[PDB]
Amino acid sequence: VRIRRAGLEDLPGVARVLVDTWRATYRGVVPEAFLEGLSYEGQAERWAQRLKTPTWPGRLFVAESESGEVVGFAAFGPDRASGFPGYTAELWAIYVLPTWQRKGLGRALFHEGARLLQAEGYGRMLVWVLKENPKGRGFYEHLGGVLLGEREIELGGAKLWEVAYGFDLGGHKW
Ligand SMILES: CC(=O)SCCNC(=O)CCNC(=O)[C@H](O)C(C)(C)COP(=O)(O)OP(=O)(O)OC[C@H]1O[C@@H](n2cnc3c(N)ncnc32)[C@H](O)[C@@H]1OP(=O)(O)O
(Lines give C-alpha, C1' and ligand atoms only; values in the text may rest on other atoms or scores of the structure.)
Protein backbone atom coordinates (compact mmCIF):
# COMPACT_ATOMS: atom_id res chain seq x y z
CA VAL A 1 0.00 0.00 0.00
CA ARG A 2 2.27 2.87 1.15
CA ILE A 3 5.98 3.78 1.17
CA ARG A 4 7.79 5.68 3.93
CA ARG A 5 11.22 6.15 5.56
CA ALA A 6 12.08 3.39 8.04
CA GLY A 7 12.25 3.84 11.80
CA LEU A 8 14.07 1.67 14.36
CA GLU A 9 10.85 -0.19 15.21
CA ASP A 10 10.55 -1.24 11.56
CA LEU A 11 13.93 -3.04 11.53
CA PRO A 12 12.97 -6.48 12.89
CA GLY A 13 10.39 -6.57 10.07
CA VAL A 14 12.95 -5.25 7.57
CA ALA A 15 15.29 -8.05 8.64
CA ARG A 16 12.63 -10.70 8.03
CA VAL A 17 11.74 -9.31 4.58
CA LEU A 18 15.46 -9.39 3.78
CA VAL A 19 16.23 -12.89 4.99
CA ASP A 20 13.01 -14.47 3.73
CA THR A 21 13.27 -12.91 0.27
CA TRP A 22 16.98 -13.79 -0.03
CA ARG A 23 16.05 -17.38 0.79
CA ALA A 24 13.18 -17.44 -1.66
CA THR A 25 15.05 -15.67 -4.47
CA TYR A 26 18.51 -17.19 -4.35
CA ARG A 27 17.63 -20.85 -3.92
CA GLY A 28 20.13 -22.84 -5.93
CA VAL A 29 22.17 -19.79 -6.86
CA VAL A 30 23.67 -18.83 -3.51
CA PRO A 31 24.86 -21.76 -1.32
CA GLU A 32 22.17 -23.27 0.93
CA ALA A 33 24.63 -23.12 3.83
CA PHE A 34 24.95 -19.35 3.42
CA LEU A 35 21.20 -18.85 3.05
CA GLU A 36 20.48 -20.96 6.14
CA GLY A 37 23.11 -18.87 7.91
CA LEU A 38 21.42 -15.47 7.44
CA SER A 39 20.14 -14.14 10.79
CA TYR A 40 16.98 -12.09 11.51
CA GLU A 41 18.67 -10.68 14.63
CA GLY A 42 22.03 -10.13 13.05
CA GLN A 43 20.46 -8.27 10.14
CA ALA A 44 18.24 -6.15 12.33
CA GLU A 45 21.23 -5.11 14.45
CA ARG A 46 23.40 -4.15 11.46
CA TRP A 47 20.74 -1.85 10.04
CA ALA A 48 20.11 -0.49 13.55
CA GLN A 49 23.71 0.58 14.03
CA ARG A 50 23.57 2.38 10.64
CA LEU A 51 20.27 4.13 11.37
CA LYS A 52 21.68 5.34 14.68
CA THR A 53 24.82 6.78 13.06
CA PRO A 54 24.13 10.52 12.39
CA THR A 55 26.73 10.73 9.63
CA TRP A 56 25.50 7.56 7.80
CA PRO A 57 24.66 8.55 4.20
CA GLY A 58 22.26 5.61 3.70
CA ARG A 59 18.50 6.18 3.28
CA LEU A 60 15.95 3.52 4.31
CA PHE A 61 12.43 2.98 3.07
CA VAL A 62 9.76 0.36 3.87
CA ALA A 63 6.61 -0.64 2.05
CA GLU A 64 3.52 -1.40 4.15
CA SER A 65 0.81 -3.96 3.52
CA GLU A 66 -2.78 -2.73 3.81
CA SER A 67 -2.81 -3.56 7.55
CA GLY A 68 0.62 -1.97 8.17
CA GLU A 69 3.06 -4.89 8.17
CA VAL A 70 6.48 -4.22 6.62
CA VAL A 71 6.45 -6.37 3.49
CA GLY A 72 9.11 -4.55 1.47
CA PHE A 73 12.16 -2.34 1.92
CA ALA A 74 14.83 -0.47 0.02
CA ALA A 75 18.15 1.12 0.99
CA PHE A 76 19.85 3.87 -1.10
CA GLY A 77 23.19 5.60 -0.69
CA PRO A 78 26.40 6.78 -2.30
CA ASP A 79 27.98 4.33 -4.68
CA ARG A 80 30.32 1.83 -2.99
CA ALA A 81 33.34 2.33 -5.23
CA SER A 82 31.93 0.45 -8.23
CA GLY A 83 34.38 1.98 -10.72
CA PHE A 84 31.87 3.74 -13.01
CA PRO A 85 32.68 7.47 -13.22
CA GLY A 86 29.46 9.44 -13.40
CA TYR A 87 27.54 7.00 -11.20
CA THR A 88 27.62 8.48 -7.72
CA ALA A 89 24.56 6.83 -6.14
CA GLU A 90 23.69 3.16 -5.72
CA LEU A 91 20.56 1.17 -4.79
CA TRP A 92 22.09 -0.93 -1.99
CA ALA A 93 19.12 -3.25 -1.57
CA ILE A 94 15.51 -3.71 -2.52
CA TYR A 95 13.33 -6.65 -1.52
CA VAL A 96 9.58 -7.29 -1.46
CA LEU A 97 8.19 -10.51 0.13
CA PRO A 98 7.41 -13.07 -2.67
CA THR A 99 3.66 -12.94 -2.20
CA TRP A 100 3.56 -9.14 -2.27
CA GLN A 101 5.65 -8.92 -5.48
CA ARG A 102 4.28 -7.67 -8.85
CA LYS A 103 1.80 -5.35 -7.11
CA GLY A 104 3.82 -2.18 -7.73
CA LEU A 105 5.60 -2.06 -4.35
CA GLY A 106 9.15 -2.35 -5.74
CA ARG A 107 8.46 0.38 -8.27
CA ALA A 108 7.09 2.65 -5.53
CA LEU A 109 10.14 2.00 -3.33
CA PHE A 110 12.46 2.60 -6.25
CA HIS A 111 10.79 5.88 -7.16
CA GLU A 112 10.85 7.21 -3.60
CA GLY A 113 14.60 6.56 -3.24
CA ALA A 114 15.51 7.88 -6.71
CA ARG A 115 13.54 11.02 -5.88
CA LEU A 116 15.48 11.52 -2.65
CA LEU A 117 18.86 10.76 -4.23
CA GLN A 118 17.96 13.28 -6.96
CA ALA A 119 17.14 15.94 -4.35
CA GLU A 120 20.42 15.22 -2.59
CA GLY A 121 22.29 15.93 -5.81
CA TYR A 122 23.43 12.56 -7.12
CA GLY A 123 23.48 12.67 -10.94
CA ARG A 124 23.17 8.94 -11.63
CA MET A 125 22.50 5.73 -9.74
CA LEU A 126 23.58 2.21 -10.42
CA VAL A 127 22.51 -1.18 -8.95
CA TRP A 128 24.30 -4.54 -8.69
CA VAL A 129 22.26 -7.69 -9.18
CA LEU A 130 23.20 -11.39 -9.52
CA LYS A 131 23.72 -12.38 -13.15
CA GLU A 132 21.48 -15.36 -12.37
CA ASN A 133 18.62 -13.40 -10.74
CA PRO A 134 15.96 -12.95 -13.57
CA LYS A 135 13.47 -11.38 -11.15
CA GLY A 136 15.64 -8.46 -10.18
CA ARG A 137 17.10 -8.18 -13.68
CA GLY A 138 13.73 -8.14 -15.38
CA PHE A 139 12.56 -5.48 -12.93
CA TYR A 140 15.53 -3.16 -13.61
CA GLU A 141 15.47 -3.67 -17.38
CA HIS A 142 11.76 -2.88 -17.42
CA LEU A 143 12.41 0.30 -15.47
CA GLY A 144 14.97 1.60 -17.96
CA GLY A 145 18.23 0.47 -16.38
CA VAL A 146 21.07 0.06 -18.86
CA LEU A 147 23.57 -2.76 -18.46
CA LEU A 148 26.90 -1.19 -17.37
CA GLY A 149 29.24 -3.97 -16.47
CA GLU A 150 29.80 -7.15 -14.50
CA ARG A 151 32.08 -8.53 -11.80
CA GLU A 152 32.61 -11.81 -10.02
CA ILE A 153 31.99 -11.92 -6.31
CA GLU A 154 32.09 -14.70 -3.75
CA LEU A 155 29.15 -15.47 -1.46
CA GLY A 156 29.32 -18.43 0.89
CA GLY A 157 32.05 -20.36 -0.82
CA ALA A 158 30.67 -19.78 -4.31
CA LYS A 159 32.20 -17.57 -6.97
CA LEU A 160 29.29 -15.78 -8.71
CA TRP A 161 28.72 -13.18 -11.47
CA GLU A 162 27.05 -9.87 -10.74
CA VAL A 163 25.92 -7.28 -13.34
CA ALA A 164 25.28 -3.55 -12.91
CA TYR A 165 22.46 -1.46 -14.37
CA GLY A 166 22.63 2.32 -14.60
CA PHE A 167 19.86 4.91 -14.18
CA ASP A 168 19.74 8.62 -14.76
CA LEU A 169 18.57 10.71 -11.79
CA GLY A 170 19.28 14.25 -12.95
CA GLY A 171 16.69 15.53 -15.39
CA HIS A 172 14.30 12.54 -15.12
CA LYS A 173 11.00 12.79 -13.22
CA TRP A 174 10.66 10.04 -10.58
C1 LIG B 1 18.77 -4.18 -4.93
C2 LIG B 1 19.58 -5.48 -5.03
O3 LIG B 1 19.39 -6.30 -3.87
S4 LIG B 1 19.17 -6.41 -6.55
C5 LIG B 1 17.98 -7.62 -5.87
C6 LIG B 1 16.52 -7.26 -6.14
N7 LIG B 1 15.65 -8.14 -5.34
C8 LIG B 1 15.31 -9.37 -5.72
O9 LIG B 1 15.66 -9.89 -6.78
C10 LIG B 1 14.41 -10.12 -4.73
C11 LIG B 1 13.21 -10.77 -5.41
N12 LIG B 1 12.33 -9.78 -6.07
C13 LIG B 1 11.80 -8.72 -5.45
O14 LIG B 1 11.98 -8.43 -4.27
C15 LIG B 1 10.92 -7.85 -6.36
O16 LIG B 1 10.36 -8.67 -7.40
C17 LIG B 1 11.69 -6.69 -6.99
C18 LIG B 1 12.30 -5.79 -5.91
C19 LIG B 1 12.83 -7.20 -7.87
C20 LIG B 1 10.71 -5.88 -7.85
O21 LIG B 1 9.61 -5.37 -7.08
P22 LIG B 1 8.08 -5.74 -7.43
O23 LIG B 1 7.18 -5.06 -6.48
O24 LIG B 1 7.99 -7.22 -7.55
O25 LIG B 1 7.89 -5.11 -8.90
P26 LIG B 1 6.70 -4.08 -9.26
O27 LIG B 1 5.41 -4.78 -9.06
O28 LIG B 1 6.91 -2.80 -8.56
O29 LIG B 1 6.98 -3.93 -10.84
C30 LIG B 1 7.07 -2.65 -11.48
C31 LIG B 1 7.12 -2.80 -13.00
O32 LIG B 1 8.25 -3.63 -13.34
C33 LIG B 1 7.78 -4.81 -14.01
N34 LIG B 1 8.57 -5.99 -13.59
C35 LIG B 1 8.88 -6.29 -12.33
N36 LIG B 1 9.60 -7.41 -12.30
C37 LIG B 1 9.75 -7.83 -13.55
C38 LIG B 1 10.44 -8.88 -14.14
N39 LIG B 1 11.12 -9.74 -13.39
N40 LIG B 1 10.44 -8.99 -15.48
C41 LIG B 1 9.79 -8.11 -16.24
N42 LIG B 1 9.13 -7.10 -15.71
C43 LIG B 1 9.09 -6.93 -14.38
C44 LIG B 1 6.34 -4.99 -13.53
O45 LIG B 1 5.63 -5.73 -14.53
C46 LIG B 1 5.89 -3.53 -13.54
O47 LIG B 1 5.60 -3.11 -14.88
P48 LIG B 1 4.54 -1.93 -15.12
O49 LIG B 1 5.06 -0.65 -14.30
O50 LIG B 1 4.68 -1.59 -16.69
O51 LIG B 1 3.16 -2.32 -14.73
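Atom set for the values below is all heavy atoms of this structure, side chains included, hydrogens, waters and symmetry mates excluded. Position 1 is the first residue of the sequence, and the numbers go up from there. As the structure lists them, so they are numbered: ligands from 1, and atoms in each ligand from 1.
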Q: Considering only protein heavy atoms, determine whether one is less than 4.0 Å from atom 36 (N) of ligand 1.
A: yes

Q) Taking the non-hydrogen atoms of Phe76, is any one of them nearer than 4.0 angstrom to ligand 1? A) no

Q. When you look at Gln49 and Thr53, which way does the side-chain hydrogen bond (donor to acceptor under 3.5 Å, both in side chains) test go after all the steps?
A. CA-CA 6 Å; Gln49 87 84 300; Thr53 307; 3.0 Å; yes

Q. Does some non-hydrogen atom of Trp100 fall short of 4.0 Å from ligand 1?
A. no

Q.
Against ligand 1, does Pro134 come closer than 4.0 Å with any heavy atom?
A. yes

Q | Protein heavy atom at shortest distance from atom 49 (O) of ligand 1 | A | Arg107 NH1, 3.4 Å

Q | Distance from atom 3 (O) of ligand 1 to nearest protein heavy atom, with residue and atom | A | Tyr95 OH, 3.1 Å

**Q.** Nitrogen or oxygen atoms of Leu91 and ligand 1 under 3.5 Å apart
**A.** no

Q: Before giving the answer on side-chain hydrogen bond (donor to acceptor under 3.5 Å, both in side chains), spell out for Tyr122 and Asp79 the whole-Å C-alpha distance, their side-chain angles and the decisive distance to 0.1 Å.
A: CA-CA 10 Å; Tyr122 291 92; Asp79 172 54; over 6 Å; no

Q. Which residue holds the protein heavy atom closest to atom 21 (O) of ligand 1, what is that atom called, and what is the gap in Å?
A. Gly106 CA, 3.3 Å

Q) Of all the heavy atoms in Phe110, does at least one lie under 4.0 Å from an atom in ligand 1? A) no

Q | Set of residues satisfying salt bridge (charged side-chain N to carboxylate O under 4.0 Å, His left out) with respect to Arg27, sequence neighbours excluded | A | none

Q: Check whether any N or O atom of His142, backbone or side chain, sits under 3.5 Å from an N or O atom of ligand 1, and answer yes or no.
A: yes

Q: Only counting residues at least two apart or in another chain, list the ones meeting salt bridge (charged side-chain N to carboxylate O under 4.0 Å, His left out) with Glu112.
A: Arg115

